[PDB]
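Text of entry01.txt, listed as compact mmCIF, N, CA and C atoms and all ligand atoms:
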# COMPACT_ATOMS: atom_id res chain seq x y z
N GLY S 594 70.30 93.32 41.24
CA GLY S 594 69.04 93.64 40.60
C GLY S 594 68.16 94.54 41.44
N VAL S 595 67.21 95.17 40.76
CA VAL S 595 66.26 96.08 41.38
C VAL S 595 64.86 95.64 40.99
N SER S 596 63.94 95.65 41.95
CA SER S 596 62.56 95.28 41.72
C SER S 596 61.65 96.38 42.23
N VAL S 597 60.44 96.42 41.70
CA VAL S 597 59.45 97.43 42.06
C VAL S 597 58.20 96.74 42.56
N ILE S 598 57.64 97.25 43.64
CA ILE S 598 56.39 96.75 44.20
C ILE S 598 55.35 97.85 44.05
N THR S 599 54.26 97.53 43.37
CA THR S 599 53.19 98.49 43.13
C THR S 599 51.84 97.87 43.45
N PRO S 600 50.91 98.66 43.98
CA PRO S 600 49.57 98.15 44.27
C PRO S 600 48.59 98.23 43.11
N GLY S 601 49.04 98.61 41.92
CA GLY S 601 48.17 98.70 40.77
C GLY S 601 48.10 100.10 40.18
N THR S 602 48.01 100.19 38.85
CA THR S 602 47.95 101.49 38.20
C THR S 602 46.67 102.23 38.55
N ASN S 603 45.54 101.52 38.55
CA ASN S 603 44.24 102.16 38.75
C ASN S 603 44.08 102.79 40.13
N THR S 604 44.72 102.23 41.16
CA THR S 604 44.52 102.66 42.54
C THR S 604 45.44 103.80 42.94
N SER S 605 46.73 103.68 42.65
CA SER S 605 47.70 104.70 43.05
C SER S 605 48.86 104.67 42.07
N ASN S 606 49.77 105.62 42.23
CA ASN S 606 50.98 105.72 41.42
C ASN S 606 52.21 105.79 42.31
N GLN S 607 52.20 105.02 43.40
CA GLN S 607 53.29 104.99 44.36
C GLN S 607 53.87 103.59 44.40
N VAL S 608 55.20 103.49 44.33
CA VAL S 608 55.89 102.21 44.26
C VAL S 608 56.98 102.17 45.32
N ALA S 609 57.36 100.96 45.70
CA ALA S 609 58.42 100.71 46.66
C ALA S 609 59.55 99.96 45.97
N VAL S 610 60.77 100.44 46.13
CA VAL S 610 61.92 99.89 45.41
C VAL S 610 62.64 98.90 46.31
N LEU S 611 63.02 97.76 45.75
CA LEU S 611 63.75 96.74 46.49
C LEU S 611 65.05 96.43 45.76
N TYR S 612 66.17 96.73 46.40
CA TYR S 612 67.48 96.40 45.86
C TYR S 612 67.91 95.05 46.42
N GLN S 613 68.21 94.11 45.53
CA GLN S 613 68.50 92.73 45.93
C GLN S 613 70.00 92.53 46.09
N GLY S 614 70.38 91.82 47.15
CA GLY S 614 71.76 91.43 47.36
C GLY S 614 72.73 92.58 47.54
N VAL S 615 72.35 93.56 48.35
CA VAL S 615 73.20 94.71 48.64
C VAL S 615 72.97 95.13 50.08
N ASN S 616 74.05 95.55 50.74
CA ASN S 616 73.97 96.05 52.11
C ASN S 616 73.88 97.57 52.08
N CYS S 617 72.97 98.13 52.87
CA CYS S 617 72.63 99.55 52.77
C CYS S 617 73.74 100.39 53.40
N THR S 618 74.86 100.47 52.69
CA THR S 618 75.90 101.43 53.03
C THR S 618 76.52 102.10 51.81
N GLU S 619 76.11 101.73 50.59
CA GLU S 619 76.56 102.42 49.39
C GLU S 619 75.43 102.59 48.38
N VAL S 620 74.18 102.51 48.83
CA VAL S 620 73.05 102.63 47.91
C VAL S 620 73.09 103.92 47.09
N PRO S 621 73.34 105.10 47.68
CA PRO S 621 73.44 106.29 46.83
C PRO S 621 74.59 106.22 45.83
N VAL S 635 65.38 111.27 44.63
CA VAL S 635 64.51 111.34 45.80
C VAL S 635 64.56 110.03 46.57
N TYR S 636 64.95 108.95 45.88
CA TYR S 636 65.04 107.63 46.49
C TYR S 636 66.42 107.34 47.06
N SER S 637 67.36 108.28 46.97
CA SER S 637 68.70 108.06 47.49
C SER S 637 68.68 107.87 49.00
N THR S 638 68.29 108.90 49.74
CA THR S 638 68.23 108.86 51.20
C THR S 638 67.00 109.63 51.65
N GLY S 639 66.92 109.90 52.94
CA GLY S 639 65.83 110.68 53.51
C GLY S 639 64.56 109.91 53.80
N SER S 640 64.10 109.11 52.83
CA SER S 640 62.88 108.34 52.99
C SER S 640 63.16 107.14 53.90
N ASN S 641 62.12 106.36 54.20
CA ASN S 641 62.27 105.21 55.07
C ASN S 641 63.09 104.13 54.38
N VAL S 642 64.10 103.62 55.07
CA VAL S 642 64.96 102.56 54.56
C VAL S 642 64.85 101.38 55.52
N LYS U 854 80.88 84.77 45.74
CA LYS U 854 79.75 84.24 44.98
C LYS U 854 79.26 85.24 43.94
N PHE U 855 79.96 86.37 43.84
CA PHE U 855 79.60 87.44 42.90
C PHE U 855 80.46 87.28 41.66
N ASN U 856 79.87 86.73 40.60
CA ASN U 856 80.57 86.49 39.35
C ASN U 856 79.77 86.93 38.13
N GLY U 857 78.53 87.39 38.32
CA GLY U 857 77.66 87.72 37.22
C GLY U 857 76.30 87.08 37.39
N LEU U 858 76.15 86.28 38.44
CA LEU U 858 74.92 85.55 38.71
C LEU U 858 74.60 85.65 40.19
N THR U 859 73.31 85.50 40.52
CA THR U 859 72.84 85.67 41.88
C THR U 859 71.98 84.48 42.29
N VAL U 860 71.85 84.31 43.60
CA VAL U 860 71.02 83.27 44.19
C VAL U 860 69.95 83.96 45.03
N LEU U 861 68.70 83.75 44.68
CA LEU U 861 67.60 84.36 45.41
C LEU U 861 67.28 83.55 46.67
N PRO U 862 66.77 84.20 47.71
CA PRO U 862 66.45 83.48 48.94
C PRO U 862 65.06 82.87 48.88
N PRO U 863 64.83 81.77 49.59
CA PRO U 863 63.49 81.16 49.58
C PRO U 863 62.47 82.04 50.29
N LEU U 864 61.22 81.90 49.87
CA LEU U 864 60.15 82.71 50.45
C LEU U 864 59.85 82.29 51.88
N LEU U 865 59.78 80.99 52.14
CA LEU U 865 59.48 80.47 53.47
C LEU U 865 60.77 80.00 54.12
N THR U 866 61.06 80.53 55.30
CA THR U 866 62.25 80.12 56.03
C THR U 866 61.98 78.80 56.76
N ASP U 867 62.98 78.33 57.50
CA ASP U 867 62.88 77.01 58.13
C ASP U 867 61.84 76.99 59.25
N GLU U 868 61.74 78.08 60.01
CA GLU U 868 60.77 78.12 61.10
C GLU U 868 59.35 78.01 60.58
N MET U 869 59.08 78.63 59.43
CA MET U 869 57.76 78.54 58.81
C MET U 869 57.37 77.09 58.56
N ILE U 870 58.26 76.34 57.91
CA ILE U 870 58.00 74.95 57.58
C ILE U 870 57.87 74.11 58.84
N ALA U 871 58.74 74.36 59.82
CA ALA U 871 58.67 73.61 61.07
C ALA U 871 57.33 73.82 61.75
N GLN U 872 56.82 75.05 61.72
CA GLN U 872 55.55 75.33 62.39
C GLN U 872 54.38 74.70 61.63
N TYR U 873 54.41 74.73 60.30
CA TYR U 873 53.41 73.98 59.53
C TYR U 873 53.41 72.50 59.89
N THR U 874 54.60 71.89 59.93
CA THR U 874 54.66 70.46 60.21
C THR U 874 54.15 70.15 61.61
N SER U 875 54.51 70.99 62.59
CA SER U 875 54.00 70.79 63.94
C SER U 875 52.49 70.92 63.99
N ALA U 876 51.93 71.88 63.25
CA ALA U 876 50.48 72.04 63.23
C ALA U 876 49.79 70.81 62.65
N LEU U 877 50.28 70.33 61.50
CA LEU U 877 49.70 69.13 60.90
C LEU U 877 49.79 67.94 61.85
N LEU U 878 50.93 67.79 62.51
CA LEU U 878 51.15 66.60 63.33
C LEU U 878 50.30 66.64 64.60
N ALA U 879 50.19 67.81 65.23
CA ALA U 879 49.29 67.93 66.38
C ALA U 879 47.84 67.71 65.97
N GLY U 880 47.46 68.22 64.80
CA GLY U 880 46.11 67.99 64.33
C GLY U 880 45.80 66.52 64.12
N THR U 881 46.74 65.78 63.52
CA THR U 881 46.49 64.36 63.30
C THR U 881 46.58 63.55 64.58
N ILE U 882 47.30 64.04 65.60
CA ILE U 882 47.26 63.36 66.89
C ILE U 882 45.90 63.55 67.55
N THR U 883 45.38 64.78 67.55
CA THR U 883 44.18 65.04 68.33
C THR U 883 42.89 64.74 67.56
N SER U 884 42.78 65.21 66.32
CA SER U 884 41.53 65.12 65.58
C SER U 884 41.42 63.84 64.77
N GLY U 885 42.44 63.51 63.99
CA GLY U 885 42.40 62.34 63.13
C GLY U 885 42.21 62.70 61.67
N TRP U 886 41.18 62.15 61.05
CA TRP U 886 40.83 62.50 59.68
C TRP U 886 39.81 63.62 59.59
N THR U 887 39.22 64.03 60.72
CA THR U 887 38.14 65.00 60.69
C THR U 887 38.61 66.36 60.19
N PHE U 888 39.79 66.79 60.62
CA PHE U 888 40.23 68.14 60.26
C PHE U 888 40.60 68.26 58.79
N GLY U 889 40.66 67.14 58.06
CA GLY U 889 40.88 67.21 56.63
C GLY U 889 39.64 67.52 55.81
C1 LIG W 901 76.33 96.35 56.43
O1 LIG W 901 77.55 97.05 56.68
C2 LIG W 901 77.70 97.49 58.04
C3 LIG W 901 78.99 98.27 58.09
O2 LIG W 901 80.04 97.61 57.39
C4 LIG W 901 77.69 96.28 58.98
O3 LIG W 901 77.80 96.73 60.32
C5 LIG W 901 78.70 95.86 61.03
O4 LIG W 901 77.97 95.02 61.95
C6 LIG W 901 78.80 94.09 62.67
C7 LIG W 901 77.88 93.24 63.50
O5 LIG W 901 77.09 94.04 64.38
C8 LIG W 901 79.84 94.85 63.50
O6 LIG W 901 80.69 93.91 64.14
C9 LIG W 901 80.65 95.78 62.61
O7 LIG W 901 81.53 96.57 63.40
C10 LIG W 901 79.73 96.69 61.80
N1 LIG W 901 80.51 97.52 60.90
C11 LIG W 901 80.97 98.73 61.23
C12 LIG W 901 81.75 99.45 60.18
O8 LIG W 901 80.77 99.22 62.34
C13 LIG W 901 76.41 95.49 58.78
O9 LIG W 901 76.43 94.30 59.57
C14 LIG W 901 76.25 95.10 57.31
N2 LIG W 901 75.00 94.39 57.10
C15 LIG W 901 74.95 93.13 56.63
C16 LIG W 901 73.58 92.55 56.48
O10 LIG W 901 75.96 92.51 56.35
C1 LIG W 902 41.18 99.04 40.98
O1 LIG W 902 41.61 97.68 40.92
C2 LIG W 902 41.39 96.97 42.15
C3 LIG W 902 41.99 95.59 41.97
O2 LIG W 902 42.33 95.01 43.22
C4 LIG W 902 39.91 96.94 42.49
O3 LIG W 902 39.73 96.32 43.76
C5 LIG W 902 39.34 98.35 42.52
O4 LIG W 902 37.92 98.31 42.69
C6 LIG W 902 39.67 99.09 41.23
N1 LIG W 902 39.20 100.46 41.29
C7 LIG W 902 38.76 101.13 40.21
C8 LIG W 902 38.30 102.54 40.45
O5 LIG W 902 38.73 100.62 39.10

The structure given in the file should be rewritten as C-alpha cells.
Ligand SMILES: *[C@@H]1O[C@H](CO)[C@@H](O[C@@H]2O[C@H](CO)[C@@H](O)[C@H](O)[C@H]2NC(C)=O)[C@H](O)[C@H]1NC(C)=O
Ligand SMILES: *[C@@H]1O[C@H](CO)[C@@H](O)[C@H](O)[C@H]1NC(C)=O
Amino acid sequence: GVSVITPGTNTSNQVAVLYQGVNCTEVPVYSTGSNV
Amino acid sequence: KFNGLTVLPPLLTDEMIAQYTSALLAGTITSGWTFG
C-alpha cells in the first residue's frame, strides 16, 4: 500500500509519500533523486 | 507472509511503553498520589 502525508490544503500543496512493507531497492519525479 | 494481506506495525514500540511504565512507577515511589 501507499499513503500520503499532507499538512492541509489551505496551507500548502506539498505531500510526502509512504510506501508500506517494501524495501527501497525496487521502488522505481518521485522515483529517485529526492530524499529517501 | 505475503498472500494478499498485510500486518501494520504498532505506533509505540516496546521501549516507549517501558519508559512510560518506569516514569509512572518512579513517580508513585517518590510523590505518591500528588502527581495525579
Ligand atoms: C534492503 O535490501 C538490501 C539489499 O538486498 C539489504 O542490504 C543488505 O544488508 C545486509 C545487512 O547489512 C547485508 O548483509 C547484505 O549484504 C545487504 N545486501 C546486499 C545486496 O549487499 C537491506 O538490508 C534491505 N533492507 C531491509 C530493511 O531488509
Ligand atoms: C489553515 O489551516 C490551519 C489549520 O491548522 C490554520 O492554523 C491556519 O490558520 C489556516 N490558514 C488559513 C489562511 O486559512

Residue set, chain U restricted to helix (DSSP H, G or I), as JSON, numbers by chain: {"U": [867, 868, 869, 870, 871, 872, 873, 874, 875, 876, 877, 878, 879, 880, 881, 882, 883]}

Kindly list the centre and edge lengths in Å, rounded to one decimal, for the axis-aligned box that covers all listed atoms of ligand LIG 901 (chain W) plus 5 Å on each of its six sides, as lines of an AutoDock Vina configuration file.
center_x = 77.7
center_y = 96.0
center_z = 60.4
size_x = 18.2
size_y = 16.9
size_z = 18.0

Show me which residues are within 9 Å of ligand LIG 902 (chain W) counting only C-alpha atoms and all ligand atoms, and format the list as a PyMOL selection string. chain S and resi 600-605

As a list in words, which residues of chain S does DSSP assign to strand (DSSP E or B)? residues 595, 596, 597, 598, 609, 610, 611 and 612 of chain S

Mind giving me the straight-line distance from atom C15 of ligand LIG 901 (chain W) to atom C of residue 642 of chain S in Å, one decimal?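 Taking atom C15 of ligand LIG 901 (chain W) as the start and atom C of residue 642 of chain S as the end point, the length is 13.1 Å.
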
Mind pulling up the distance from atom CA of residue 616 of chain S to atom C of residue 857 of chain U?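 Distance between the two atoms: 17.4 Å.
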
Using only C-alpha atoms and all ligand atoms, determine which residues fall within 9 Å of ligand LIG 901 (chain W), then list them as a PyMOL selection string. chain S and resi 615-618

For the interface of chain S with chain U (cut-off 9 Å, counting only C-alpha atoms), please tabulate each contacting residue of chain S alongside its nearest pair of atoms and their separation in Å to one decimal, rows sorted by chain and increasing number, as JSON lines.
{"residue": "S:594", "atom": "CA", "partner": "U:859", "partner_atom": "CA", "distance": 8.9}
{"residue": "S:613", "atom": "CA", "partner": "U:861", "partner_atom": "CA", "distance": 8.4}
{"residue": "S:614", "atom": "CA", "partner": "U:859", "partner_atom": "CA", "distance": 8.0}

Å distance separating atom CA of residue 886 of chain U from atom C of residue 869 of chain U, one decimal place: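 We find that atom CA of residue 886 of chain U and atom C of residue 869 of chain U lie 22.1 Å from each other.
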
Write out as a CSV table (one decimal) with N, CA and C atoms, in the frame of the given file the residues lying within 9 Å of residue 597 of chain S, counting only C-alpha atoms and excluding same-chain residues fewer than 4 positions away.
chain,number,residue,atom,x,y,z
S,608,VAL,N,55.2,103.5,44.3
S,608,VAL,CA,55.9,102.2,44.3
S,608,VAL,C,57.0,102.2,45.3
S,609,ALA,N,57.4,101.0,45.7
S,609,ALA,CA,58.4,100.7,46.7
S,609,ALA,C,59.6,100.0,46.0
S,610,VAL,N,60.8,100.4,46.1
S,610,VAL,CA,61.9,99.9,45.4
S,610,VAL,C,62.6,98.9,46.3
S,611,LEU,N,63.0,97.8,45.8
S,611,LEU,CA,63.8,96.7,46.5
S,611,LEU,C,65.0,96.4,45.8
S,612,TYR,N,66.2,96.7,46.4
S,612,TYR,CA,67.5,96.4,45.9
S,612,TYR,C,67.9,95.0,46.4
